[PDB]
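> 3D, please:
(2 chains)
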Protein chains: 2
Amino acid sequence: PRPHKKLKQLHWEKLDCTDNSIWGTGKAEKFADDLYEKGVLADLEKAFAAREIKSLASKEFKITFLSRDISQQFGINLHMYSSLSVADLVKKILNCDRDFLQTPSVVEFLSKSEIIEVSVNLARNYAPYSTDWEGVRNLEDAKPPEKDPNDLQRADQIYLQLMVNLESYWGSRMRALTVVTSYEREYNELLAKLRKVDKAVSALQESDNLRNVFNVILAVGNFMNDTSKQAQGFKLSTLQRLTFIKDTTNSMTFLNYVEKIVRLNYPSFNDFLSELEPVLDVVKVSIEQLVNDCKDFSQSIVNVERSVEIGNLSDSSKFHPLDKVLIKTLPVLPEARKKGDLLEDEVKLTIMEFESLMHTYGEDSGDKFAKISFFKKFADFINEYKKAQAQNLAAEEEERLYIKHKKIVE
Amino acid sequence: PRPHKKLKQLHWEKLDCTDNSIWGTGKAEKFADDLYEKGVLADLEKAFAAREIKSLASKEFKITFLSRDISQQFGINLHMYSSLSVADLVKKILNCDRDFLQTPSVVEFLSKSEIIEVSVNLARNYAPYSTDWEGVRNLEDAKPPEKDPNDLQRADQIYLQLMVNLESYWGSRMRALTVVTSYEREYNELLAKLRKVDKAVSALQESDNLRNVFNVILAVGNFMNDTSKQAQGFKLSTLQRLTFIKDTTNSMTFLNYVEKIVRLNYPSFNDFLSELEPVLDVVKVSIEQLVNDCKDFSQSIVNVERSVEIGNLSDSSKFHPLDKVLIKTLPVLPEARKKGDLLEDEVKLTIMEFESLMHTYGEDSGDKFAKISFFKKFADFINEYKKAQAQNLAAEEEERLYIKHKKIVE
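Residues are numbered from 1 along each chain as shown, chains lettered A, B, ... in the order given. I have put the structure below:
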């Protein structure tokens, strides 16, 4: 069954070929005809029909449906292109021009959720100005204007031409492009932020000075404890609590002693304060986070790949005739995935080392708590010492300028 | 080497028996003696010694080191026990008394991070009033008061007696207890919130009415489209866009037609609005979240188990003589893990069904986007109809009270 004249064409996404669904039955016909015979259908032959002449006649208006909020961001985030025309601008993006890709401010923007997310409402309004492109290989071929976007502001015109007509894959277009111009950095940033953990590990690992100080502390300890607490060693918890027991004058704490009881007798040890340098350089790094930042770095690539292979980028016809996303991603992905793995190891490696070091000091390793605070406990203690020592360097040159002065007076 | 008198005992966590660490060497001795011969050690024999008489003499003061903020929460969150004495209160918790466990307000509180987390500082201050318990089986045996907590406020006294002396395992004591009195609920809440997804699934699954309406829509569609868009079916995206094409009077949209073109000819279909009831009852449920809420429900148990087996609850001596955490958990855990699995399946099952239904309607299933919005798209459309129909029920009784009235006037 067919009408007789030009009717309003319906813009929809069909299932290319009848799949394993609710389709196939054929009731699509047992109905089509059934509605034509009963005439009802015929009604629709009317009530729905094409339009004609109306030309331009620049209303003198200009509209916008966007939050005044949004409308603002497009003029801001996209100012360096104020000089270009909407038409000549979408061209700048669709083609993925050098200056565009090298500008994060933009990519980040063209990708913000709140900018792509399109309300049922918002869509409805534009519909009359939209376009399909799905099944369109050239710009001159897409004819259906439906109305005219020039009757919209630069803002809306953009928003439409992009997050609207290409809603079919925008998010996923950008979600890739973001990576296509990033992994490199993301990698480096990540990797370096990773080197800085091994270093901090190595130090603790190979630096007997510390180990020594520890025994000295152990030694003293055993002594200072009654006939029973004959300890073979202590857990790290203890380092913080060395500044807990003060003398009798409440002037210097047990730690102060140690530091001196060390610099006075085996001053060859205090080289450790300069050896655990990195352990302080990276006590800031959330181990956990760093792990995940990577888990996600890799994951992020897996995704763009999937979308390229069987997702929203898997089908080319759907793209805007002038879109060049694939031609800018297909080549990169391997370079990326490559880094993806490279990094993946650096982790699984670094981590084990860390986990090992933990065991060495008796600290747990399966427990989350510990994993975080570990590095800290050392860094802390190191600062606890440093400070505690600068205090021992005063008392020396104090009962020095009083006993080198209680004599030149008697 | 040993001193000669009573020295200040050092509170530390030793490594029970020399392990695979930096301990064993024996330098703990090559130092101990070495410092005694050089006399230096001897010095420490002094500068550090016991105390004597000072008795009570209730200063008339009373101190607090806690943020005024914190101090507030203890009086609040713990008001129902205002009537009890600090001593008789810690007893109420350590023993895990019925009325205590059945009171979330409390458990939640005694477990807040910001309440357990103890600053280097905060610890130092209390140290003089603390206690060890590690290696203590009776309350009368723990003698070392070190000072006197009665010189502290109810607040601090609590905080000390608990998050302080039992810092060695508190968090992990509570982290369990929280579960010991929860999984039950957590389960039920979770499960029910899960039943509500299957129901919403089943409906979409077995309800031909919808399927029909869909074809009707397909039928009309094919017709309304030129000699080429011979579609076998459409993707869900389309449901929202049916309210996109309006007639010529811009009064009723393509959807309005459909609804009527349906209630007029096969009004046996509109039973679907009452059939996809649950699809609306649960369009609120974040599928993703719900999945994880469970992933975490199970995980939460794995944890308490680990901690019971080889963690901070693995060793009993470390607990306060009157603590009864294990005696209240060991028995429950299986009941829990049991639920853990039970639930675990309900999920892996429910999910597959959902994933299946998605495929049926041609919607993706690996993609995250879809998983979320799916249910919605249907629920939406259902509301799009409902509304759109109530509008068709006006135009009927409108061109009815005008043509049943344009006659009784001529």
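> how is chain A carved up into domains?
As given by curated CATH domains, the domain ranges for chain A are A:1-50, A:63-182, A:183-410.
> out of these, nearest to residue B:275?
When these are compared by CB to CB, domain A:1-50 sits nearest residue B:275, at 15.0 Å. C-betas here are computed from N, CA, C, even on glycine.
> wait, does the closest one make contact with chain B?
Yes - Domain A:1-50 is in contact with chain B by CB under 8 Å from any CB of the partner chain, via A:1-3, A:7-15, A:17-25, A:27-29, A:31-32, A:35, A:38, A:40-41, A:44, A:47-49.
> Next step: the residues you listed restricted to helices.
Residues of the residues of domain A:1-50 next to chain B located in helices (DSSP state H): A:27-29, A:31-32, A:35, A:40-41, A:44.
> now those: which count as buried?
A:27-28, A:31-32, A:35, A:40-41, A:44 (16 or more other CB atoms under 10 Å in any protein chain shown).
> Show me which pair in the ones in helices among the residues of domain A:1-50 next to chain B is furthest apart.
Longest span within these, CB to CB: A:27 and A:44, 18.3 Å.
> distance of the residue lying closest to residue A:161 once chain neighbours are set aside from chain B?
Using CB to CB, 6 or more residues apart in numbering or on different chains and skipping the chain neighbours, the partner closest in space to residue A:161 is residue A:90 (4.7 Å). The gap separating residue A:90 from chain B is 23 Å, by CB to the nearest CB, to the nearest Å.
> any idea what sits nearest residue A:146, other than its immediate chain neighbours?
Once flanking residues are discounted, residue A:146 sits nearest to residue A:128: 5.3 Å by CB to CB, 6+ apart.
> Report the contact partners of residue A:376.
Counting by CB atoms under 8 Å, 6 or more residues apart in numbering or on different chains, residue A:376 touches residue A:283.
> Where does it sit: helix, strand or coil?
Here residue A:376 is recorded as helix under DSSP: H, G, I helix; E, B strand; the rest coil.
> can you check residue A:192 too?
Classified using three-state DSSP, residue A:192 is helix.
> before we move on, the earlier item: okay if I get the domains of chain A as CSV plus distance to residue B:326?
Converted to CSV, the domains of chain A look like this (distance: least, CB to CB, whole Å):
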stretch, distance to residue B:326
domain A:1-50, 55
domain A:63-182, 47
domain A:183-410, 18
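> what about the closest residue to residue A:42 other than its chain neighbours, how many neighbours?
Using CB to CB, 6+ apart and skipping the chain neighbours, the partner closest in space to residue A:42 is residue A:36 (6.6 Å). By the measure other CB atoms under 10 Å in any protein chain shown, the count of residues near residue A:36 is 18.
> just residue A:146 next, same as before
Based on other CB under 10 Å, the number of other residues close to residue A:146 is 14.
> and it, how far is that from chain B?
Distance from residue A:146 to chain B, by CB to the nearest CB: 10 Å.
> Is that residue in contact with residue A:130, as I believe?
Yes - here residue A:146 reaches residue A:130: they are 6.4 Å apart, a contact under CB atoms under 8 Å.
> is it true that residue A:340 lies in a helix?
Yes - Residue A:340: assigned to a helix according to three-state DSSP.
> From residue A:187, how far off is it?
9 Å (CB to CB, to the nearest Å).
> My read is that residue A:381 contacts residue A:239, right?
Yes - here residue A:381 reaches residue A:239: they are 4.0 Å apart, a contact under CB under 8 Å.
> Can you name the residue of the stretch 201-350 of chain A nearest chain B?
Relative to chain B, the nearest point of the stretch 201-350 of chain A is residue A:233 (3.4 Å; CB to the nearest CB).
> Neighbours of that residue, how many?
23.
> Equivalent analysis for residue A:26, please.
11.
> Equivalent analysis for the one 4 residues further on, please.
Neighbours of residue A:30 under the rule other CB under 10 Å: 11.
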